[PDB]
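> sharing an experimental structure here, sequence included.
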Amino acid sequence: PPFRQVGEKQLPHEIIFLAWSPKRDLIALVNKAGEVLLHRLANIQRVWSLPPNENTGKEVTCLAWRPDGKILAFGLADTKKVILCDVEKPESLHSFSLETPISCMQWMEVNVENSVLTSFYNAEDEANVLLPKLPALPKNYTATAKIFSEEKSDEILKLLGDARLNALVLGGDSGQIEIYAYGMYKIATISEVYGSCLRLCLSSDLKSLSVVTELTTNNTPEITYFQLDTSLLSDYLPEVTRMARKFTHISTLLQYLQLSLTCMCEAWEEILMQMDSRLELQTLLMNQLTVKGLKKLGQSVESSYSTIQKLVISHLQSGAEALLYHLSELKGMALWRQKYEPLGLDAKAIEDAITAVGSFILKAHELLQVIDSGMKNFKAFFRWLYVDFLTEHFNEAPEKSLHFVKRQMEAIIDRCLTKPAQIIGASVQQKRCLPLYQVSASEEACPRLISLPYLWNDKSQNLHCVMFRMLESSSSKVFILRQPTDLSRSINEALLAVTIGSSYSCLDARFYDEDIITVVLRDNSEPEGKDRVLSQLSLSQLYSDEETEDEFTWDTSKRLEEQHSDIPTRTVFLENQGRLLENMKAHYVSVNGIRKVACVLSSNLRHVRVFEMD
């Protein structure tokens, strides 16, 4: 009676990751076969299926929904790469390699939109609408993915989302963390934890980065909570936002320049292959090649030259011009020092990079001069065989350091991009480390990324929250640890053990709306034990110091499991005692607060039951 059944489907293969789209009623899931599939809310209809291929990663470990729900990113542990693809088309729009194999993923965006941040968004929105679009790259067989192909609305304006800073944070099996702005610019590489990145959470204010890690040991892994001080990204937020944005533009270009140079080099290889296939003398020439065959070779060489000329006079000229534009502005920012210097922006490094772009466009101009001088001799040769002219006929019978200038250019651009990631990564300190518990024999049954502990941001009160199960201490109790984003702040009820009731045992719990959490429970009745409902977190927090104690009395050098005896116990009550029950063996949920949707995955059976909370 409380919630409405929308669909019920038995998935062919087991599911290792479940996630809802933040803006649409779509659910992304990993199929344990390494395939990622999309499903609609109504009757859980399969939208698409992305097969796992050896070419672009086989083992996919996690997913991430971009706040602007048009782009979906997923990490591959085997090939050590993150591939960003559209939600409508299976095709990948972007890809990048990672230092360590992926463990977990998070795609978040800043909740702060104060004064100068608003002035920046408006400026970037007006910059992109004013600056002329780059010339359309021709549809070539050598051109892979074809993002710059220009068909209706371009994918480059989709890849680069809103000016509002969104970060894609990646976790490793070693504990290494990587933060990618707009899901493409590396802001920080953090290596301050010990286990394998189980859960990741960057705060909306960018003050802290909480992480839950599963440390592998001889008998059973040890679940440990950590909190990192990423406050530099908070203090210099409008600068970090603008800085990363210009780097995503310089990353889009250079790649555009390389792809256009690839199309230019391939068109040159098409002339040399056709020339090699073509080339007493009077009889042999007319027998080897017909008079009709010279005409088809004439157009093929003329069309390839025109495209080569267009690629360097239009694509390369506008490409380098836009590169000179975005770098020149980055220097103007870099010249502040008070701002951008403690962020790692070196004016001299980019100044030298401008000259590198200038030397490249000039060397490309010098390369065209060689092609034009070579084509004028061929023009006199072609017209002579059909019917200044005689001189060019005699003279008739990568290169010119272009590979060197492109490498020197991308070398200085990369030094401009790498310096901030090194110094921002140096600024972040490990301020909190809380060993929780050691995994039980039963917890090793379900996948890492579906089960509890559950890390969430709580953007309303700015609190890093964790809901975990310590089975060795208690079988029916759910533990809730909440720490503020600003570490200097002292929180009231830092840790509690909530007994949920009756409904007794809590299997899975997930954040839904402002103060309420969705919860899957195990009732006293034996036939139908599995039942889902929403719980109000307001009942336990108490927001007042009890006997001048904020539960800071526990030893953070010893596991919290060891000191469970003196933990502050609480008893929470449900909105409906017997809300929605199901004949299936539930155990897990995936929810979306604003879209009022839910996805109940069955324990091991991988049968899914969807319900709308509206």
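Sure, I can see it. Numbers count the residues shown, from 1 in each chain.

> residue 9 - how many residues pack around it?
15 (other C-beta atoms under 10 Å). For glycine as for every other residue, the C-beta is placed from the backbone atoms N, C-alpha and C.

> also residue 575?
Residue 575 has 11 nearby residues by other C-beta under 10 Å.

> ok, it - contacts?
516, 533-536 (C-beta atoms under 8 Å, 6 or more residues apart in numbering).

> any chance of those in TSV, plus distance to residue 104 and secondary structure?
Listed next are the contacts of residue 575 as TSV, based on distance: C-beta to C-beta, whole Å; DSSP: H, G, I helix; E, B strand; the rest coil:
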residue	distance to residue 104	secondary structure
516	25	strand
533	28	strand
534	26	strand
535	25	strand
536	29	strand
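
> tell me which of those residues is nearest to residue 471?
Set against residue 471, the nearest of the contacts of residue 575 by C-beta to C-beta is residue 535 (20.1 Å).

> just checking, that closest one touches residue 521?
No. Using C-beta atoms under 8 Å, residue 535 is not in contact with residue 521, being 9.2 Å away.

> walk me through the domains of this structure.
1-113+165-229+429-614, 114-164+230-428 (curated CATH domains).

> end to end on the longest one, go ahead and measure it.
For domain 1-113+165-229+429-614, the separation between the terminal residues is 12 Å (C-alpha to C-alpha, to the nearest Å).

> all the helices of the stretch 201-350 of the chain, residue numbers only.
231-235, 237-252, 255-278, 281-288, 291-310, 316-334, 347-386 (DSSP state H, counting those that start in this stretch).

> just the buried residues of the fifth one, please?
Of the residues in helix 291-310, those buried by neighbour count under the rule 16 or more other C-beta atoms under 10 Å are 297, 301, 304-305, 307-308, 310.

> what does the last one give?
By neighbour count with 16+ other C-beta under 10 Å, helix 347-386 contains the buried residues 347, 349-351, 353-354, 356-357, 360-361, 363-364, 367-368, 371, 375, 377-378, 380-382.

> report the angle between it and helix 237-252.
When axes from the mean of the first three to the mean of the last three C-alpha atoms, to 10 degrees is applied, the directions of helix 347-386 and helix 237-252 differ by 20 degrees.

> thinking in terms of the whole chain, how far from its middle is helix 347-386?
38 Å (C-alpha atoms, centre = their mean, to the nearest Å).

> next one: the third one
Shown here is helix 255-278, whose average C-alpha point lies 33 Å from the average C-alpha point of the whole chain (C-alpha atoms, centre = their mean).

> buried sites along it?
For helix 255-278, by 16+ other C-beta under 10 Å, it's 256-257, 259-268, 270-271.

> what does the fourth one give?
Along helix 281-288, not one residue counts as buried under the neighbour rule (16+ other C-beta under 10 Å).

> burial of residue 527, as a residue count?
7.

> for it, pull up the helix or strand it's in.
Residue 527 belongs to no helix or strand when elements are defined using DSSP states H and E.

> give me the phi and psi for it.
phi -70, psi -50 (degrees, to the nearest 10).

> go on, residue 421?
Dihedral angles (degrees, to the nearest 10) for residue 421: phi -60, psi -30.

> might one say that it is in contact with residue 190?
No. Using C-beta under 8 Å, residue 421 is not in contact with residue 190, being 10.2 Å away.

> who's more crowded, those two?
residue 190 (23 against 19).

> residue 425 is in contact with that one, correct?
Yes. Residue 190 lies in contact with residue 425 (C-beta under 8 Å); the separation is 5.6 Å.

> give me the residue at the spatial middle of the protein.
Nearest to the mean C-alpha position of the chain, by C-alpha atoms, centre = their mean, lies residue 183 at 3.9 Å.

> okay, and that residue sits in which element?
Applying DSSP H and E, one finds residue 183 in no helix or strand.

> mind listing what it touches?
66, 71, 73, 82, 84, 94, 107, 166, 168.

> most neighbours out of those residues, which is it?
Result: residue 168 is most packed of the contacts of residue 183 (other C-beta under 10 Å), 27 neighbours.

> tell me which element that one falls in.
Residue 168 belongs to strand 166-172, assigned by DSSP H and E.

> sheet partners, orientation included, of the helix or strand following that strand?
Next in sequence after strand 166-172, counting helices and strands by DSSP H and E, comes strand 177-181. Taking DSSP bridges as the criterion, strand 177-181 sits next to strand 166-172 (antiparallel), strand 185-190 (antiparallel) in its sheet.

> how about strand 177-181: buried residues?
Here strand 177-181 shows 177-181 as buried, counting by 16+ other C-beta under 10 Å.

> same question for stretch 578-586.
Buried, per 16+ other C-beta under 10 Å, within stretch 578-586: 579-582, 584, 586.

> do the same with stretch 7-21
7, 11, 15-21.

> secondary structure and distance to residue 333 for those - can I get that in a markdown table?
Shown next, in a markdown table, are the buried residues of stretch 7-21 (DSSP: H, G, I helix; E, B strand; the rest coil; distance: C-beta to C-beta, whole Å):
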| residue | secondary structure | distance to residue 333 |
| --- | --- | --- |
| 7 | strand | 50 |
| 11 | coil | 49 |
| 15 | coil | 45 |
| 16 | coil | 43 |
| 17 | strand | 39 |
| 18 | strand | 41 |
| 19 | strand | 36 |
| 20 | strand | 37 |
| 21 | coil | 35 |
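
> the stretch 351-500 of the chain: strands as residue ranges?
Per DSSP state E, counting those that start in this stretch, the stretch 351-500 of the chain has strands spanning 429-438, 454-456, 463-468, 478-484, 495-500. These are given in chain order.

> turn these into TSV, including mean neighbour count.
Listed next are the strands of the stretch 351-500 of the chain as TSV, based on neighbours: other C-beta atoms under 10 Å:
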stretch	mean neighbour count
strand 429-438	18
strand 454-456	19
strand 463-468	22
strand 478-484	22
strand 495-500	20
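
> what's the closest of those to residue 510?
strand 454-456 (6.2 Å).

> what strands flank that closest one, and is each parallel or antiparallel?
Checking strand 454-456 against DSSP bridges gives partners strand 463-468 (antiparallel).

> ok and the strand it pairs with relative to strand 495-500, angle-wise?
50 degrees.

> distance from the chain centre to strand 463-468, please.
Worked out by C-alpha atoms, centre = their mean, strand 463-468 lies 23 Å from the chain centre.

> how about stretch 487-507?
Remark: stretch 487-507 is offset 32 Å from the chain centroid, using C-alpha atoms, centre = their mean.

> okay, how far is it across that stretch, tip to tip?
Termini of stretch 487-507 sit 30 Å apart (C-alpha to C-alpha).

> show me which parts of it are buried, residue by residue.
Quick answer for stretch 487-507 (16+ other C-beta under 10 Å): 487, 491, 493-500, 503, 505-507.

> ok so, going back, let's have the buried residues of stretch 578-586 in TSV, adding distance to residue 438 and secondary structure.
Shown next, in TSV, are the buried residues of stretch 578-586 (distance: C-beta to C-beta, whole Å; three-state DSSP):
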residue	distance to residue 438	secondary structure
579	33	coil
580	34	strand
581	33	strand
582	32	coil
584	30	coil
586	26	coil
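
> A helix includes residue 39, no?
No. Looking at residue 39 with DSSP: H, G, I helix; E, B strand; the rest coil, it is strand, so not inside a helix.
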